[PDB]
Amino acid sequence: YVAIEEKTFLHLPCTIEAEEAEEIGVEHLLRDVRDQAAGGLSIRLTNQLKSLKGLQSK
Amino acid sequence: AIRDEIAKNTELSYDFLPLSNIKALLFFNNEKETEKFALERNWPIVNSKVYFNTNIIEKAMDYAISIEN
């Protein structure tokens with residue numbers, strides 16, 4: 001938020017932008033939490049091709 | 001019936017022969033009978049000296065579809 005005129009708080013967008021050091025840190029800390037993803041083989045192999053088409057579109 | 005044998009032997013034996021040696025093996029009394037035979041055997045001859053000579057992605061999906069039948 002900021003304050004513009006009256007004078008209320010304008011809402012603003014945000015992001016979490018990892019600087020290289022925080023890239024390294026957040027990575028090294030979140031190593032372990034990574035998911036198992038027990039979905040069957042067909043499920044995974046499906047998720048993939050979905051992702052590929054997505055990339056194609058972009 | 002014997003000579004082909006030696007031939008069919010020597011094809012795999014070793015790639016490289018002097019013509020006099022082929023005569024020695026095949027029991028020829030003649031030098032020209034040799035390249036007669038070798039042509040009949042399709043052997044490319046150099047001046048007395050003969051010579052006797054699927055993507056991975058696919059593979060993966062193949063293993064899968066073989067598994068999920």
# chains A, B, ... in the order shown; residues from 1 in each chain; ligands from 1
call {"tool": "residues_around", "arguments": {"residues": "residue B:69", "least_positions_apart": "6", "cutoff": "12 Å", "atoms": "only C-alpha atoms", "output": "list in words"}}
result
residues 41 and 42 of chain A; 62 and 63 of chain B
call {"tool": "write_last_selection", "arguments": {"atoms": "N, CA, C and O atoms", "output": "PDB file, in the first residue's frame"}}
result
ATOM      1  N   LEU A  41       1.553 -44.156 -12.970  1.00  0.00           N
ATOM      2  CA  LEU A  41       2.430 -43.855 -14.095  1.00  0.00           C
ATOM      3  C   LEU A  41       1.692 -43.119 -15.205  1.00  0.00           C
ATOM      4  O   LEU A  41       2.188 -42.124 -15.745  1.00  0.00           O
ATOM      5  N   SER A  42       0.497 -43.591 -15.554  1.00  0.00           N
ATOM      6  CA  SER A  42      -0.273 -42.921 -16.592  1.00  0.00           C
ATOM      7  C   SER A  42      -0.584 -41.493 -16.200  1.00  0.00           C
ATOM      8  O   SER A  42      -0.587 -40.590 -17.044  1.00  0.00           O
TER       9      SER A  42
ATOM     10  N   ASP B  62       7.258 -46.862 -24.693  1.00  0.00           N
ATOM     11  CA  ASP B  62       7.062 -48.272 -24.979  1.00  0.00           C
ATOM     12  C   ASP B  62       7.032 -49.078 -23.697  1.00  0.00           C
ATOM     13  O   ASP B  62       6.145 -49.914 -23.497  1.00  0.00           O
ATOM     14  N   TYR B  63       7.989 -48.838 -22.811  1.00  0.00           N
ATOM     15  CA  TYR B  63       7.985 -49.565 -21.555  1.00  0.00           C
ATOM     16  C   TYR B  63       6.702 -49.297 -20.795  1.00  0.00           C
ATOM     17  O   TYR B  63       6.069 -50.223 -20.277  1.00  0.00           O
TER      18      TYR B  63
END
call {"tool": "closest_atom_pairs", "arguments": {"of": "chain B", "to": "chain A", "cutoff": "10 Å", "atoms": "only C-alpha atoms", "output": "Markdown table"}}
result
| residue | atom | partner | partner_atom | distance |
| --- | --- | --- | --- | --- |
| B:61 | CA | A:45 | CA | 8.6 |
| B:64 | CA | A:41 | CA | 7.6 |
| B:65 | CA | A:42 | CA | 8.8 |
| B:67 | CA | A:41 | CA | 9.1 |
| B:68 | CA | A:42 | CA | 7.7 |
call {"tool": "select_by_dssp", "arguments": {"residues": "chain B", "states": "strand (DSSP E or B)", "output": "list in words"}}
result
residues 16, 17, 18, 45, 46, 49, 50 and 51 of chain B
call {"tool": "select_by_dssp", "arguments": {"residues": "chain B", "states": "helix (DSSP H, G or I)", "output": "ChimeraX atom specification"}}
result
/B:2-13,19-26,32-40,56-67
call {"tool": "write_last_selection", "arguments": {"atoms": "N, CA and C atoms", "output": "compact mmCIF listing (two decimals), in the first residue's frame"}}
result
# COMPACT_ATOMS: atom_id res chain seq x y z
N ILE B 2 33.32 -78.95 -49.89
CA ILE B 2 34.26 -78.54 -48.87
C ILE B 2 34.60 -77.07 -48.99
N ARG B 3 34.82 -76.60 -50.22
CA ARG B 3 35.48 -75.31 -50.38
C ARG B 3 34.65 -74.18 -49.81
N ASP B 4 33.36 -74.14 -50.14
CA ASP B 4 32.46 -73.18 -49.53
C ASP B 4 32.65 -73.14 -48.02
N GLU B 5 32.70 -74.31 -47.40
CA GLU B 5 32.98 -74.42 -45.98
C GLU B 5 34.14 -73.53 -45.62
N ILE B 6 35.32 -73.85 -46.15
CA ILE B 6 36.48 -73.02 -45.88
C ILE B 6 36.13 -71.57 -46.16
N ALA B 7 35.57 -71.32 -47.34
CA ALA B 7 35.05 -69.99 -47.65
C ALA B 7 34.14 -69.51 -46.54
N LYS B 8 33.04 -70.22 -46.33
CA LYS B 8 32.11 -69.86 -45.26
C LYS B 8 32.82 -69.81 -43.92
N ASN B 9 33.83 -70.65 -43.72
CA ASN B 9 34.71 -70.42 -42.59
C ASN B 9 35.36 -69.06 -42.74
N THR B 10 36.26 -68.95 -43.71
CA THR B 10 37.20 -67.85 -43.73
C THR B 10 36.52 -66.50 -43.82
N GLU B 11 35.30 -66.44 -44.35
CA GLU B 11 34.57 -65.18 -44.34
C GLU B 11 34.62 -64.55 -42.97
N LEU B 12 34.32 -65.33 -41.94
CA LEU B 12 34.39 -64.82 -40.59
C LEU B 12 35.78 -64.93 -39.98
N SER B 13 36.67 -65.73 -40.57
CA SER B 13 37.99 -65.89 -39.97
C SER B 13 38.70 -64.57 -39.84
N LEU B 19 46.29 -63.34 -52.45
CA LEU B 19 45.69 -64.29 -53.37
C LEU B 19 46.38 -65.65 -53.29
N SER B 20 47.71 -65.65 -53.21
CA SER B 20 48.43 -66.91 -53.09
C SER B 20 47.95 -67.70 -51.88
N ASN B 21 47.54 -67.00 -50.83
CA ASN B 21 47.06 -67.69 -49.64
C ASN B 21 45.69 -68.29 -49.87
N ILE B 22 44.81 -67.57 -50.58
CA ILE B 22 43.53 -68.17 -50.93
C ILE B 22 43.75 -69.44 -51.74
N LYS B 23 44.66 -69.38 -52.72
CA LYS B 23 45.00 -70.60 -53.44
C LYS B 23 45.48 -71.67 -52.47
N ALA B 24 46.25 -71.28 -51.47
CA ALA B 24 46.74 -72.26 -50.50
C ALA B 24 45.60 -72.92 -49.76
N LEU B 25 44.60 -72.14 -49.35
CA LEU B 25 43.51 -72.70 -48.57
C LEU B 25 42.60 -73.57 -49.42
N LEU B 26 42.12 -73.03 -50.53
CA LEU B 26 41.02 -73.67 -51.23
C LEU B 26 41.49 -74.80 -52.13
N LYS B 32 43.78 -68.04 -61.32
CA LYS B 32 42.58 -67.35 -61.77
C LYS B 32 41.31 -68.01 -61.26
N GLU B 33 41.34 -69.33 -61.06
CA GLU B 33 40.22 -70.00 -60.42
C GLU B 33 39.84 -69.31 -59.13
N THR B 34 40.82 -68.71 -58.47
CA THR B 34 40.57 -67.97 -57.25
C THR B 34 39.51 -66.90 -57.48
N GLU B 35 39.87 -65.83 -58.19
CA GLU B 35 38.93 -64.73 -58.33
C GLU B 35 37.70 -65.14 -59.11
N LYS B 36 37.78 -66.21 -59.90
CA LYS B 36 36.54 -66.84 -60.35
C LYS B 36 35.66 -67.12 -59.14
N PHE B 37 36.21 -67.87 -58.19
CA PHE B 37 35.44 -68.28 -57.02
C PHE B 37 35.01 -67.08 -56.20
N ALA B 38 35.91 -66.11 -56.01
CA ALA B 38 35.61 -64.98 -55.15
C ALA B 38 34.53 -64.09 -55.74
N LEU B 39 34.56 -63.88 -57.06
CA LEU B 39 33.43 -63.22 -57.70
C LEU B 39 32.16 -64.02 -57.48
N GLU B 40 32.22 -65.32 -57.76
CA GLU B 40 31.10 -66.19 -57.43
C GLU B 40 30.72 -66.06 -55.97
N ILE B 56 15.08 -42.51 -27.55
CA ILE B 56 14.90 -42.97 -26.18
C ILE B 56 13.50 -42.67 -25.68
N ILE B 57 12.96 -41.50 -26.01
CA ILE B 57 11.59 -41.18 -25.63
C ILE B 57 10.67 -42.31 -26.02
N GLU B 58 10.75 -42.70 -27.29
CA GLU B 58 10.01 -43.83 -27.80
C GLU B 58 10.16 -45.03 -26.88
N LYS B 59 11.41 -45.38 -26.55
CA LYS B 59 11.65 -46.54 -25.69
C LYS B 59 10.91 -46.41 -24.38
N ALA B 60 10.93 -45.22 -23.79
CA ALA B 60 10.28 -45.03 -22.50
C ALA B 60 8.79 -45.28 -22.61
N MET B 61 8.12 -44.54 -23.49
CA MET B 61 6.69 -44.75 -23.63
C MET B 61 6.39 -46.21 -23.93
N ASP B 62 7.26 -46.86 -24.69
CA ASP B 62 7.06 -48.27 -24.98
C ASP B 62 7.03 -49.08 -23.70
N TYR B 63 7.99 -48.84 -22.81
CA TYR B 63 7.98 -49.57 -21.55
C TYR B 63 6.70 -49.30 -20.80
N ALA B 64 6.28 -48.04 -20.75
CA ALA B 64 5.05 -47.69 -20.07
C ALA B 64 3.87 -48.49 -20.62
N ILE B 65 3.54 -48.26 -21.89
CA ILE B 65 2.38 -48.90 -22.50
C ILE B 65 2.47 -50.41 -22.36
N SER B 66 3.68 -50.95 -22.32
CA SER B 66 3.79 -52.36 -21.99
C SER B 66 3.41 -52.62 -20.55
N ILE B 67 3.58 -51.64 -19.67
CA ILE B 67 3.28 -51.90 -18.27
C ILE B 67 1.79 -51.77 -17.99
call {"tool": "atom_distance", "arguments": {"atom1": "atom CA of residue B:14", "atom2": "atom CA of residue B:45"}}
result
14.3 Å
call {"tool": "residues_around", "arguments": {"residues": "residue B:52", "least_positions_apart": "3", "cutoff": "7 Å", "atoms": "only C-alpha atoms", "output": "list in words"}}
result
residues 11, 15, 16 and 43 of chain B
call {"tool": "decode", "arguments": {"residues": "chain A", "atoms": "C-alpha atoms", "output": "PDB file, in the first residue's frame"}}
result
ATOM      1  CA  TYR A   1       0.000   0.000   0.000  1.00  0.00           C
ATOM      2  CA  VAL A   2       0.897   3.617  -0.507  1.00  0.00           C
ATOM      3  CA  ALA A   3      -1.030   6.792   0.297  1.00  0.00           C
ATOM      4  CA  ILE A   4      -2.299   9.142  -2.405  1.00  0.00           C
ATOM      5  CA  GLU A   5      -4.789  11.978  -2.313  1.00  0.00           C
ATOM      6  CA  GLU A   6      -8.330  12.987   0.921  1.00  0.00           C
ATOM      7  CA  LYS A   7      -5.236  10.776   1.166  1.00  0.00           C
ATOM      8  CA  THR A   8      -6.111   7.074   1.324  1.00  0.00           C
ATOM      9  CA  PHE A   9      -4.055   3.938   0.695  1.00  0.00           C
ATOM     10  CA  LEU A  10      -3.704   2.891  -2.898  1.00  0.00           C
ATOM     11  CA  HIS A  11      -3.391  -0.859  -3.165  1.00  0.00           C
ATOM     12  CA  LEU A  12      -0.455  -2.154  -5.183  1.00  0.00           C
ATOM     13  CA  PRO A  13       0.601  -5.495  -6.622  1.00  0.00           C
ATOM     14  CA  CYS A  14       3.475  -7.388  -5.081  1.00  0.00           C
ATOM     15  CA  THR A  15       5.829 -10.262  -5.850  1.00  0.00           C
ATOM     16  CA  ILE A  16       8.459 -12.328  -4.144  1.00  0.00           C
ATOM     17  CA  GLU A  17      11.625 -11.780  -6.126  1.00  0.00           C
ATOM     18  CA  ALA A  18      14.445 -14.013  -4.998  1.00  0.00           C
ATOM     19  CA  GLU A  19      17.807 -12.396  -5.266  1.00  0.00           C
ATOM     20  CA  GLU A  20      20.553 -14.896  -6.014  1.00  0.00           C
ATOM     21  CA  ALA A  21      21.445 -15.323  -2.342  1.00  0.00           C
ATOM     22  CA  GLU A  22      17.806 -15.958  -1.497  1.00  0.00           C
ATOM     23  CA  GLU A  23      17.531 -18.262  -4.487  1.00  0.00           C
ATOM     24  CA  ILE A  24      20.307 -20.313  -2.932  1.00  0.00           C
ATOM     25  CA  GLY A  25      18.917 -20.125   0.575  1.00  0.00           C
ATOM     26  CA  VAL A  26      15.249 -20.818  -0.118  1.00  0.00           C
ATOM     27  CA  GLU A  27      16.316 -23.657  -2.383  1.00  0.00           C
ATOM     28  CA  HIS A  28      18.660 -25.283   0.114  1.00  0.00           C
ATOM     29  CA  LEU A  29      16.044 -25.019   2.848  1.00  0.00           C
ATOM     30  CA  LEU A  30      13.161 -26.378   0.761  1.00  0.00           C
ATOM     31  CA  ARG A  31      15.159 -29.321  -0.588  1.00  0.00           C
ATOM     32  CA  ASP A  32      13.353 -31.810   1.622  1.00  0.00           C
ATOM     33  CA  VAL A  33       9.718 -30.677   1.372  1.00  0.00           C
ATOM     34  CA  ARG A  34       9.521 -31.752  -2.275  1.00  0.00           C
ATOM     35  CA  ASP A  35       6.480 -33.873  -3.028  1.00  0.00           C
ATOM     36  CA  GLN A  36       6.227 -37.614  -3.543  1.00  0.00           C
ATOM     37  CA  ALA A  37       3.396 -37.415  -6.136  1.00  0.00           C
ATOM     38  CA  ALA A  38       2.077 -40.971  -5.822  1.00  0.00           C
ATOM     39  CA  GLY A  39      -0.172 -40.651  -8.893  1.00  0.00           C
ATOM     40  CA  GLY A  40       0.062 -43.664 -11.163  1.00  0.00           C
ATOM     41  CA  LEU A  41       2.430 -43.855 -14.095  1.00  0.00           C
ATOM     42  CA  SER A  42      -0.273 -42.921 -16.592  1.00  0.00           C
ATOM     43  CA  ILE A  43      -1.179 -39.929 -14.459  1.00  0.00           C
ATOM     44  CA  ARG A  44       2.371 -38.589 -14.432  1.00  0.00           C
ATOM     45  CA  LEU A  45       3.004 -39.257 -18.106  1.00  0.00           C
ATOM     46  CA  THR A  46      -0.223 -37.387 -18.734  1.00  0.00           C
ATOM     47  CA  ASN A  47       0.688 -34.385 -16.574  1.00  0.00           C
ATOM     48  CA  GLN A  48       3.811 -34.085 -18.632  1.00  0.00           C
ATOM     49  CA  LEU A  49       2.273 -33.932 -22.100  1.00  0.00           C
ATOM     50  CA  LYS A  50      -0.142 -31.398 -20.676  1.00  0.00           C
ATOM     51  CA  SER A  51       2.840 -29.327 -19.601  1.00  0.00           C
ATOM     52  CA  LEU A  52       4.483 -29.642 -23.010  1.00  0.00           C
ATOM     53  CA  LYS A  53       1.395 -28.352 -24.790  1.00  0.00           C
ATOM     54  CA  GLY A  54       1.230 -25.506 -22.299  1.00  0.00           C
ATOM     55  CA  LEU A  55       4.764 -24.467 -23.142  1.00  0.00           C
ATOM     56  CA  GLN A  56       3.984 -24.725 -26.847  1.00  0.00           C
ATOM     57  CA  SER A  57       1.084 -22.326 -26.395  1.00  0.00           C
ATOM     58  CA  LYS A  58       3.153 -19.793 -24.504  1.00  0.00           C
TER      59      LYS A  58
END
